[PDB]
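One structure is given here, and the rest of the page talks about it.
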Amino acid sequence: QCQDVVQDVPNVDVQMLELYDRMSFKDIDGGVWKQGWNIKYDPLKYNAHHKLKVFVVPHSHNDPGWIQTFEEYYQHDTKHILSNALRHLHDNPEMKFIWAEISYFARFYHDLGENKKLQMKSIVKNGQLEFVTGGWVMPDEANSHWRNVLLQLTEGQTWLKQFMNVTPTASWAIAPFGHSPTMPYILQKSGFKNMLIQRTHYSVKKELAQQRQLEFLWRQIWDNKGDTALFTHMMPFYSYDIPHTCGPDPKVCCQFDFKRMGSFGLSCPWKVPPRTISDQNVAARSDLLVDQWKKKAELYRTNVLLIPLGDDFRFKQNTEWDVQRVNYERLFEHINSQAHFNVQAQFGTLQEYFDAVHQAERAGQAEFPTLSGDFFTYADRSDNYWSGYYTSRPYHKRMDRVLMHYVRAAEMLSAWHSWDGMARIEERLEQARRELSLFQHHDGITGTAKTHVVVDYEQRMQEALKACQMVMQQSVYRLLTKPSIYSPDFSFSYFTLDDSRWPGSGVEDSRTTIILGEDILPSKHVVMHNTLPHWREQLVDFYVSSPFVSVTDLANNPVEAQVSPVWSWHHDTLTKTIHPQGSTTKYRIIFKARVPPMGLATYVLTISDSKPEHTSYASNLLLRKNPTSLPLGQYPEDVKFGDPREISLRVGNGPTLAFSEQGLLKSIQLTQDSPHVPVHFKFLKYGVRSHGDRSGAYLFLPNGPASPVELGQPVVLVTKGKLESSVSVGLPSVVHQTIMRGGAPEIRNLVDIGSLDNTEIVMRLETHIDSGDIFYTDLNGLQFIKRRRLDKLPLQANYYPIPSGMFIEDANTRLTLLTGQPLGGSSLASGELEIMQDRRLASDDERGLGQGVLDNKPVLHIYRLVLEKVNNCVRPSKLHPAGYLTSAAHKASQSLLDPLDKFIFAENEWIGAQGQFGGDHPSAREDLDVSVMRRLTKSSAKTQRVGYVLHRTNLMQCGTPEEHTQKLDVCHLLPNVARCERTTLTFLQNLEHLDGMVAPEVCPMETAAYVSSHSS
Ligand SMILES: *[C@@H]1O[C@H](CO)[C@@H](O)[C@H](O)[C@H]1NC(C)=O
Ligand SMILES: OC[C@H]1O[C@H](O)[C@@H](O)[C@@H](O)[C@@H]1O
Ligand SMILES: [Zn+2]
């Protein structure tokens, strides 16, 4: 029986929204612990029968790209770290080391000779070298989609299982800029038992330390029972470096970082250096160190203390290993043999720490508090809130979501069949998965890497996109060709993908025009794929070389179509205006595609000599003073002109939208009768402070509230069609487009911040909704969390990640903005939503990047805007920390993140073409998704295995009866099932053998993975 995720408010010891509402956030000088207080302890707490057990855990933080590329770091640093770790752990059996980033480990291990491979396996098997988390990367937690977090986790852990025979159950996340409960959600469903985090607001650290609530059972905000709970250790101090990990006083801790004595070119900023430990100083050195340890121990509830020992790209040099080990070993021998300290200290791993903690727990020595909520937005000091990276490098943030979908579609389309090794399907998929996985890094998607590194990530993602296209088009050709005719050349392009929104019109001219002519080719077959497990209709568009084109399905039934011009916007440096030009050689044909669950549908575009019976033509109206003609070649309807004026548009039975004379939305009217609800789009700009701390790739430090962009008298293009209408306007830095297809409008912004330095461009919605100080934003496209605007915090602190959506509501009305890209946003006043488009910053913000953000490029941001009445919806109570989408808002999100894929047959004639694939696939309830379908075995395996990740969201009950839907049993999607197993989300561990070989559907908010086994 499913837990109810709406109506019962979990009773937790710490609820982060509630904590935020009560805490003061005062930035007072706490002493040597600058953001804390002078910790005191009772020397008598520890004694002979109750010792402080201390685990010193060596580690090295390796970025897969930041200041250097992945490969540059691997060559310069990481290969030497790992080679030295191998040698040193081999030679010194007591020494320990933890490793997080499997992308680097896999790269290293692959290059190892067999002898060294065996030595590596042995130091892993005996517990000396321990993998923590074991993801491809240590991902960003703000911008990343949960699906990509899981992908990168699986990529690393799958490698680890195969080659190292280990699956980590403890996670180490020292570096993401703030933390998401999406992590324990995924980890707990992937066999994890424990996790550790570091970058949380200094006020939160202070507050939880005071209550000894730095270790907690982290459960989801809607989880009443507590089954999602994962034990979490928050580190207490400012950094994960050695000076901030031994205890409260960095001036003391720095003296126990033995790499800082001079020969390594490092020093202690506190002006007191480390000194080599000798018999003459060991007593006083131990006095100091033990005192730090005991202070740190006061902040926690057991007699087991974690002491991380490391920093960025540490343990690189042979002499570094020795100097750390030998000095710590002198300290341990003295400390452990001095009874008065009542301490037992040793090198340990992370799992060792957690094991001992839980032993203390089980001996009744400690009980841990429960917690729900998130740890955004991070500030490491004063008013330096890390909300900048929610937006930095928006082009690549958008690319992430595009590749996210291509990877899923490529894996799904090819999963239906087993492929010969010659097809190189597995090879292309692995490359795509790894490149997408790499980008999840906390300097990848965050946009906090150097310019040349950002370029590396883009190059890597482009190759992944190409790999996905190859797999997809080979798969379509196979699924839709009579088997006895199917004749694959595995290097041949049977279909080319056509993507309307990536890179996007005005970003790159990348789409092929379907070239038809009564002297060249009369028709073209196209194919749509629907990765979602339900029947779907969506308008699709193609470029064609003639406006006289009509559409049929493969039963030759006419399909109603619309033809519109191809409009491109140009910043005209002669006229000094941004205005549209119509193509005289290409046209857009638009029609409604209908596609089976997880399936494919074929249509045919055919040329004629004159206007086809089932194809209409959009009117076009260019609104501006001083117009000139806009010829459209063969297009059958003349462009009309007018002075700027308010306009109103309605497609189908849909909403009626009213626009200002500047081409911006002003109101939405849901039905013929209802109010024109005030909903105004506005573009504004934030600056940078002229003195004090400057905004950079990480930090958002505005010089006050945003100011309106001066719009002048912009050119407005109105296109009106039976299937699709739109209003587009050429604003400074933005071509803003409102598109209507009969439901919630789509918004597209072609954002080109040009050379406007020290500017952040925000898009704001102004309504009269009585939201007060409440708004909702999502975490990793997984869940919506209630936010409260706090005026006791600066503007930048009220910014949150908008990875896929945000909304405001009152008793009666909700406005939901859904995104096709992660960006930063807020509700800075009742009735408002805003979301940053791009940011261009001249200065570095002193977090190590060593540069500003001056490499902006045009990006096409996409959105859906959903205005709804919600007075009839069953919503959570006022004290519940979650929110939930409606059915319409959820479908709108799916249309942005997982649209229909479009394929154009690349040759003249497709012999043996079939009309449809998947017509017999079950059409599942709308809240359910097949997030992943992946074949897990190569063709040579006798027993074939296919993995499925199944996710159910939770949608509001608002009085709309449920359509008739079919039970989806993933284990019976493929023929000849011999076994169905429930597994961890990584597919790595079998959890339940399933009766009747039937996969149950999952509960609201839950995610399950299944593997079906098949006789081959
Ligand atoms: C891997 O580790 C397991 C322990 O869980 C061990 O029993 C087994 O022998 C190892 N498997 C292989 C294939 O070496
Ligand atoms: O200061 C920010 C910076 O901190 C460290 O040096 C690393 O974790 C980087 O990945 C990160 O970007
Ligand atoms: Zn890092």
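Indexing begins at 1, ligand by ligand and atom by atom, following the structure's order. Below, all heavy atoms of this structure are taken into account, side chains as well, without hydrogens, waters or symmetry copies. Each residue takes its place number in the sequence, starting with 1.
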Worksheet entry | Identity and separation of the nearest protein heavy atom to atom 1 (O) of ligand 2 | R847 O, 2.7 Å

Fill in: Enumerated ligand 2 atoms positioned under 4.0 Å from heavy atoms of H61
7 (C), 8 (O)

Worksheet item: Any sub-3.5 Å donor-acceptor pair from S239's side-chain atoms to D241's backbone N or O?
Response: yes

Fill in: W218 and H179: CA distance, side-chain angles, deciding distance, side chain to side chain contact (heavy atoms under 4.5 Å, CB included) verdict
CA-CA 12 Å; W218 199 356; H179 291 280; 4.2 Å; yes

Worksheet, complete the sentence: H442 heavy atoms within 4.0 Å reach ligand 2 at atoms 8 (O), 10 (O)

Worksheet item: What N, O or S atom of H442 is found closest to the Zn ion (ligand 3)?
Response: NE2

Worksheet entry | Test applied, side-chain contact (heavy atoms from CB on, under 4.5 Å); reference residue, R393; option that passes from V853, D838, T448 | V853

Worksheet, complete the sentence: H61 NE2 to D63 OD1 via the Zn ion (ligand 3), rounded to 10°, gives 100°

Discussion item. Quick test of your reading of the model: are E760 and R840 salt-bridged, counting only N-O distances below 4.0 Å?
Written reply: no

Discussion item. Centre-to-centre under 6.0 Å for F70 and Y457, is that the case here?
Written reply: no

Worksheet entry | Enumerated ligand 2 atoms positioned under 4.0 Å from heavy atoms of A175 | 8 (O)

Worksheet item: Measuring from the heavy atoms of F313, does anything fall under 4.0 Å of ligand 2?
Response: no

Worksheet item: Got a protein heavy atom sitting under 4.0 Å from atom 4 (C) of ligand 1?
Response: no

Worksheet item: Out of curiosity, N165 CG to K125 NZ, how far, rounded to the nearest 0.5 Å?
Response: 6.0 Å

Worksheet item: With distance as the sole test, does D844 use its side chain to make a donor-acceptor pair with the main-chain N or O of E846 at under 3.5 Å?
Response: yes

Response to the item:
To atom 7 (C) of ligand 2, the nearest of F177, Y698, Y240 on a heavy-atom basis is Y240

Worksheet item: When you measure from atom 11 (N) of ligand 1 to every protein heavy atom, which one gives the shortest distance, and what is it?
Response: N165 ND2, 3.1 Å

Practice prompt. Return the orientation label for the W386 and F177 ring planes: parallel under 30°, perpendicular over 60°, tilted otherwise.
Written response: tilted

Discussion item. Would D443 count as a polar contact of ligand 2, with the cut-off being nitrogen or oxygen pairs under 3.5 Å?
Written reply: yes

Worksheet entry | Axial cation check for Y395 ring with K857, 6.0 Å and 45° limits | yes

Discussion item. Show me which atoms of ligand 2 lie under 4.0 Å from any heavy atom of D312.
Written reply: 5 (C), 6 (O), 7 (C)

Item to complete: Would you mind telling me if ligand 2 is within reach of the side chain of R199, the backbone, both or neither, using heavy atoms under 4.0 Å?
Response: side chain

